[PDB]
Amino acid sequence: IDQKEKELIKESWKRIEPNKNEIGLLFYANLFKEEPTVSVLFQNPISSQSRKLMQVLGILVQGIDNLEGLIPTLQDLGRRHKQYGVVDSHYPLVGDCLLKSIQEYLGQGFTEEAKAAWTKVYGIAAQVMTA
């Protein structure tokens, strides 16, 4: 993750943040339309789950200058996800759906370079979580 990529994360976060509730909820709609059996793993109200996911994305942004410091957090997270029945193959699905939902809700406000930076950051977080 280079300096330009860090600043693209911060800039695009300023576009995602004020629309975070909508982007999270669109993400679950899009995810359950693309993989029609994964919704059973979600046992809590989806509005609550969406707040949790968007809070962690905001933590990644907040730590973007030193993702290394987020390694323990992400490891603990990744462990809990195995306990929910989440498997390694779910991560590319979730990443693609999240990035497409951000791109969908913001349109041109989410730039191609910003989406490339988020692809990398998600790929990092997924690697750390899946050990």
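One rule holds for the numbers: they count along the sequence shown, beginning at 1.
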The stretch whose C-alpha atoms carry the larger average B-factor in the entry, 118-126 or 18-26, is 118-126
Please work out which of 71-79 and 29-37 has the higher mean CA B-factor as recorded in the PDB entry. 71-79
Select one of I64, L106, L98, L57: the residue whose C-alpha shows the highest B-factor in the crystal structure entry. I64
Determine, from the deposited record, the chain-internal third of the Cα B-factor for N44: lowest, middle or highest. highest
